[PDB]
Amino acid sequence: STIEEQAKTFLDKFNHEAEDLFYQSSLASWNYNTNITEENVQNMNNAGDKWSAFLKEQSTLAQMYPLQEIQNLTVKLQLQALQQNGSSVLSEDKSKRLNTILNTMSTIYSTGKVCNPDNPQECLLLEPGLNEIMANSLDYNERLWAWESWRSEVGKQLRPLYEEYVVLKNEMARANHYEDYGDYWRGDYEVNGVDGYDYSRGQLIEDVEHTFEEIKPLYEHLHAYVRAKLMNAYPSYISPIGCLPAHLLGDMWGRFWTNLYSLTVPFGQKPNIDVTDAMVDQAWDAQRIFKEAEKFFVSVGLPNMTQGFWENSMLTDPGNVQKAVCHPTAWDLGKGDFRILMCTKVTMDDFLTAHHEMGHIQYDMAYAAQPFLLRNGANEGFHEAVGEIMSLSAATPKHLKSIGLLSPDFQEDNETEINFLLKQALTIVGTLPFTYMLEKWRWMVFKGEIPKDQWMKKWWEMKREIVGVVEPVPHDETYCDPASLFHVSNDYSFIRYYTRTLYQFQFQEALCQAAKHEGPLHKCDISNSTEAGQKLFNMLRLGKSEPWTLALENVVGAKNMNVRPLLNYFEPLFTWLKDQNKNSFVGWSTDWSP
Amino acid sequence: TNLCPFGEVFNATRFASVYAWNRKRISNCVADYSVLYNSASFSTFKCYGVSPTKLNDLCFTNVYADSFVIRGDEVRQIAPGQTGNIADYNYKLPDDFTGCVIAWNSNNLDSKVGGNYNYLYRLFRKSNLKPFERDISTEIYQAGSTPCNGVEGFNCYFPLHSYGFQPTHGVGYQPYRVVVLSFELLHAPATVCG
Ligand SMILES: *[C@@H]1O[C@H](CO)[C@@H](O)[C@H](O)[C@H]1NC(C)=O
Ligand SMILES: *[C@@H]1O[C@H](CO)[C@@H](O)[C@H](O)[C@H]1NC(C)=O
Ligand SMILES: *[C@@H]1O[C@H](CO)[C@@H](O)[C@H](O)[C@H]1NC(C)=O
Ligand SMILES: *[C@@H]1O[C@H](CO)[C@@H](O)[C@H](O)[C@H]1NC(C)=O
Ligand SMILES: *[C@@H]1O[C@H](CO)[C@@H](O)[C@H](O)[C@H]1NC(C)=O
């Protein structure tokens, strides 16, 4: 009868059709991912094209349901998520050119190879060649060569491609009544039409800037201490008051700072916690690791894995016979098919990753009752944050001592948790300024607050005010340095990681304030606390049926990104860094350059 | 005198779709529910209006066995007073239901790799069904005001879809064979007892 009932019936049909076709597409992509064969590639591409064509057709048939006449909010959310026509709003010629640019970017990034200044025929790709160069070399000159060569090989190649990409994505976004493509992306955190829980797309920019402003002291202390350690590791190549070199940050592009741990560990003599030896000594295997993670999740009352998870997921590399792409991934194939694909080597890192991916799968099981369009995190940063808090809880020495992978003879003195917190901050507080800066630059580019000839001129400007990173060599505008990243090149939203980092600590503090945990936050262990488990499940089961602000308040009690949990988590480390940095100039000067 | 043919209802290989469920009538025989109760392989043996024990020592004039295949996450809808797609559009159990709903996982037979699209449920209906009334009529469903003229289009939908049953589906989406026994009493002499 009414338009609302017609839209309800339409979405009722779309739910079942999309469930079937998404199950087929994901099953084909899974069969490819476990078994890299060209026939499997054919199956995957056929099913993916079928899914994309079905999405296009359903978006078309949905656009004739006007949103302004829908009083329901879940129906409005589904219709909004389905009516966004994407690149189809553009003409065929420009859309084909855009897809060509996207595929050329993907190929240029995924196939580019850098070569030595003497052997241009035998040389190395990004992975694992440049990967190991950045993650293991302590040679300044080798890292500088790797960095400059890859920036001047893939970035320069993608620069005109990125120009066309940006200037066509602006057309695509404004054709959907968006201010830019950056606004299109921020439209994930946007909430409208809910009183007391609305969220504008500029509200996200405001909130991200505010939380980063609050972080800036802790990050700056971490950066100063790391700068002092690299002073003691590279005498003449760093200034005592300046910033850090770009190439010398443990990674190709300074996303994570983990690979500085050996060069920045607070107490090298103290034994870092590593139960991999205690795992091989008890003959632990992949099945044992995942059973331990499942038992951990049952401890907090979240349901144990379905039998299909044990049967159908690839928890171990199937030998050297068949080759597979086994980055550890969680797969919600739909219709109750939850799987994890990971080549599990018995290790503490892989133990933590098993907890991470089982957290992903547990979140996926939570909202398996929401309609198909609402089976995702409340926003893009919720799903990986729920995945990350479980690794945080499992890595704690209390859990390890309780599961029998750490002997009760182990003693916790200030040195070991300082080591733990520095590791955690190198992983986490290192990536926050980089992520925020990169997405700030990208949004400025998309909106147009930057003339094109001033991209890098501004980009390496803000490195100096935001992250504290100087360019080892000057760059002209033909460079497109950010495209050297997997996400900038391959058209991905990068602020999901900043938001994820904030929400994970908010979730952790909320859960073990509901777990009655007494003591420092970094000792937070949620195991055996069914109260925290129920608290988190109340948020998890929503999917994105309710606004992300309301879902976040369902656990934290705040409607916004609360930076306070992160600072509270790193409080012991923050105090230790303040004590340590008394004989160093905290704060970096933007003028000094290599 | 003879044993009531419950086996061929349960031993059968082809169950109907839920929208076109099979009705089989049992009468003029002595019914043994002991195997039904003690099978212990059923994942849902819920009896309404009668207890599992006393029904064996009870007389009825007619029994109806309604066979069909549904999802697992929908077996709950086979119960008096329930509401959903299966309860309202496909198969309705009355509020005063006086029979036993039996349901067992059948992921092995009724699901095959690539999908077993032979089982259909009625996704849309103009009005919810009545108790024990079958709706196999397949007129195109008109959501809006414009008539359909028997073709697919805006506000116009085919009223039947299929569970793409696969062996790797979750337990709630795994196929579940459901046999619904309904016991009836009339003024005519009872024929199902013993
Ligand atoms: C991998 O794919 C090939 C090609 O389809 C197939 O012959 C082989 O059986 C597959 N491996 C497994 C373990 O199924
Ligand atoms: C919105 O629709 C859902 C089903 O689509 C329904 O359960 C809910 O009650 C509706 N909202 C309101 C306020 O009635
Ligand atoms: C998970 O725990 C429940 C609790 O009773 C149990 O019924 C179920 O069998 C367990 N899952 C598996 C796969 O064993
Ligand atoms: C959880 O509780 C069980 C039983 O009370 C105990 O055996 C186990 O060690 C506990 N684990 C943790 C991490 O508290
Ligand atoms: C049909 O198969 C079942 C096995 O579960 C069993 O009742 C018997 O073998 C067959 N039925 C009859 C009435 O024999």
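Looking at the PDB entry, one finds chain A named Angiotensin-converting enzyme 2, with Homo sapiens as its source organism. In its Sequence similarities section, the UniProt entry covering chain A states "Belongs to the peptidase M2 family."

### Some points on the overall build of chain B
Helix and strand counts for chain B stand at three helices and 11 strands. Of the regular secondary structure in chain B, the N- to C-terminal order runs α-β-β-α-β-β-α-β-β-β-β-β-β-β. Relative to the 2.2 N^0.38 estimate, which gives 16 Å for 194 residues, the radius of gyration of chain B is 18 Å and therefore close to what a compact globule would have. Projected onto its principal axes, the C-alpha positions of chain B cover 55 × 40 × 25 Å. Counting only contacts in chain B whose residues sit at least 6 apart along the sequence, the fraction spanning at least 24 positions is 78%.

### Brief notes about the UniProt feature "binding site: substrate" in chain A
All names here are of chain A. When the UniProt feature table is mapped to this numbering, "binding site: substrate" covers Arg 255, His 327, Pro 328 and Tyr 497. Checked against the element boundaries, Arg 255 lands in the loop between β3 (244-245) and α9 (261-264). Its relative accessible area of 14% is what places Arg 255 among the buried residues. Sequence-distant contacts of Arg 255, that is, excluding residues within four places in its chain, are made with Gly 430, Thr 431, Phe 434, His 487, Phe 494 and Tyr 497. As for its placement among the helices and strands, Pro 328 is situated in the loop between α12 (307-312) and β4 (329-332).

### Examining the nonpolar core
All names here are of chain A. Ranked by size, the top nonpolar core spans 157 residues in total, and within it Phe 382, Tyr 498, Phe 507, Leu 536, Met 539, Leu 566 and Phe 570 carry the most contacts. Ranked by the residues each element gives to this core, the list is headed by helix α6 (residues 140-175), at 12 residues. For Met 539, the residues in contact, after removing those within four places along its chain, are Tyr 363, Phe 382, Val 386, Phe 507, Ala 551 and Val 555.

### A short note on the site of ligand 4
Residue and element names in this part refer to chain A. As a matter of local geometry, ligand 4 sits amid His 399, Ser 402, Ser 527 and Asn 528. The side chain of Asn 528 places a nitrogen or oxygen atom 2.3 Å from an oxygen atom of ligand 4. If ligand 4 stood free it would expose 360 Å²; the protein chains cover 42% of that surface. Tallied by class, the residues present in the shell around ligand 4 amount to no nonpolar, four polar and no charged.

### Considering the UniProt feature "active site" in chain A
Residue and element names in this part refer to chain A. Under the feature "active site", the UniProt entry names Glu 357 and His 487. Along the polypeptide, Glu 357 turns up in helix α13 (residues 348-366). Beyond its immediate chain neighbours, meaning those up to four positions away, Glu 357 contacts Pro 328, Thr 329, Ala 330 and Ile 340. Mapping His 487 onto the fold places it in helix α19 (residues 486-489). Take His 487: its relative accessible area is 5%, and that puts it in the buried class. In contact with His 487, not counting residues within four places along its chain, are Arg 255, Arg 442, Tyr 492, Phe 494 and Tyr 497.

### As for the UniProt feature "disulfide bond" in chain B
Residues and elements named next belong to chain B. UniProt pairs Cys 47 with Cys 100 in a disulfide, and the structure agrees, placing their sulfur atoms 2.0 Å apart, under the 2.5 Å limit. Residue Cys 47 is found in strand β3 (residues 44-47), and its partner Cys 100 is found in strand β5 (residues 99-105); the two are separated by 53 residues along the sequence. Here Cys 47 and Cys 100 have matching classes, each one buried. Between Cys 148 and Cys 156, for which a disulfide is recorded in UniProt, an S-S distance of 2.0 Å is seen, short enough (under 2.5 Å) for the bond to be assigned. For the pair shown, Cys 148 and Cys 156 are each scored as buried.

### Structural notes on the pattern of salt bridges
Residue and element names in this part refer to chain A. Overall, the coordinates contain 27 salt bridges over all chains when judged by the stated rule. The closest approach of N and O atoms between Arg 339 and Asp 337, which form a salt bridge, is 2.5 Å. Taking relative accessible area as the criterion, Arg 339 reaches 3% and is therefore assigned buried. Residue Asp 337 is classed as buried on the basis of its relative accessible area of 1%.

### Comments concerning the environment of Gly153(B)
Position of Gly153(B) relative to the elements: it lies in the loop between β7 (141-142) and β8 (156-157). Remark: the alpha-carbon pair of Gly153(B) and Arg71(B), spanning 82 residues in sequence, is separated by 28 Å.

### Details of the side chain of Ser67(B)
Structurally, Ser67(B) can be placed in strand β4 (residues 62-71). Sequence-distant contacts of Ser67(B), defined by excluding residues within four places in its chain, comprise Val9(B), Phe15(B), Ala16(B), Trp21(B), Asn22(B), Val178(B) and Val179(B).

### Describing the sheet that holds β4(B)
Residue and element names in this part refer to chain B. Spatially, the five strands line up as an open sheet ordered β1-β4-β10-β5-β3, and their pairing is antiparallel. Because the sheet does not close on itself, it has two edges, and the strands there are β1 (22-26) and β3. Sheet twist, expressed as the mean angle between neighbouring strand axes with direction ignored, is 15°. Judged from the four bridges that link them, β3 and β5 form a sheet pairing that is antiparallel. In the sheet register, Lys 46 faces β5, and the bridge partner there is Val 101.

### Brief notes about the state of the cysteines
Residues and elements named next belong to chain B. Scanning the model with the defined rule gives seven disulfides over all chains in all. Through a disulfide, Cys 4 is tied to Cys 29; the S-S separation comes to 2.0 Å. On the S-S bond that ties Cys 4 to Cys 29, the torsion sits near 105°, and the link is right-handed. Here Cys 29 lies in strand β2 (residues 29-30) and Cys 4 lies in the segment before α1 (6-10), a separation of 25 residues in the sequence. Residues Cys 4 and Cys 29 agree in their burial class; the two are buried. Between the sulfur of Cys 59 and that of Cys 193 lies a disulfide, 2.0 Å long from S to S. Sign of the S-S torsion, about -70° for the bond between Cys 59 and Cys 193, identifies this disulfide as left-handed.

### Some thoughts on helix α8 (residues 201-233) of chain A
The sharpest bend along α8(A) comes to roughly 45°, located at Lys216(A), with the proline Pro217(A) sitting one to four residues further on. The residue sitting at the N-terminus of α8(A) and contributing the capping side-chain oxygen is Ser200(A); that oxygen lies 3.5 Å from the backbone nitrogen of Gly202(A).

### A word on the packing of α8(A) against helix α24 (residues 571-580) of chain A
All names here are of chain A. In contact at an axis separation of 9 Å, α8 and α24 are set at 50° when each is read in the N-to-C sense. Considered as vectors, α8 and α24 are oriented oblique to each other. Our pair here, α8 against α24, has a crossing hand that is left-handed. Counted together, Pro 217, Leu 218, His 221, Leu 222 and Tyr 225 of α8 and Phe 574, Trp 576, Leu 577, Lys 578 and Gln 580 of α24 form the full contact between these two elements. Grouping the constituent residues of the contact of α8 with α24 by class yields seven nonpolar, two polar and one charged.

The rules we used
- Residues numbered from 1 in each chain as written, not as in the entry; some residues may be left out.
- Chains lettered and ligands numbered in written order.
- Heavy atoms only, no water.
- Residues with missing side-chain atoms left out of burial classes, pairs and counts.
- UniProt positions renumbered as here; feature names shortened; annotations may be inferred.
- Helix = DSSP H or I, 4+ residues; strand = E, 2+ residues; numbered from the N terminus.
- Rg over C-alpha atoms; globule rule 2.2 N^0.38 Å.
- Contact = heavy atoms within 4.5 Å.
- Buried < 20%, exposed > 50% of the residue type's maximum accessible area, 1.4 Å probe, protein only.
- Core = buried A, V, L, I, M, F, W, Y, C linked by side-chain atoms within 4.5 Å.
- Near = heavy atom within 4 Å.
- Polar contact = N/O pair within 3.5 Å; in protein donor to acceptor, adjacent residues only side chain to side chain.
- Areas by Shrake-Rupley, 256 points an atom, 1.4 Å probe, with all protein chains shown as cover.
- Nonpolar A, V, L, I, M, F, W, Y, C, P; charged D, E, K, R; others polar.
- Disulfide = S-S within 2.5 Å.
- Salt bridge = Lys/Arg side-chain N within 4 Å of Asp/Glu carboxyl O.
- Pairing = 2+ DSSP bridges.
- Axes fitted to C-alpha atoms, helices over the stretch in contact; angles between N-to-C directions.
- Bend = angle between axes of the 7 residues up to and from the residue.
- Parallel < 35°, antiparallel > 145°, perpendicular 65-115°, else oblique.
- Left-handed = near helix turned anticlockwise from the far one by under 90°.

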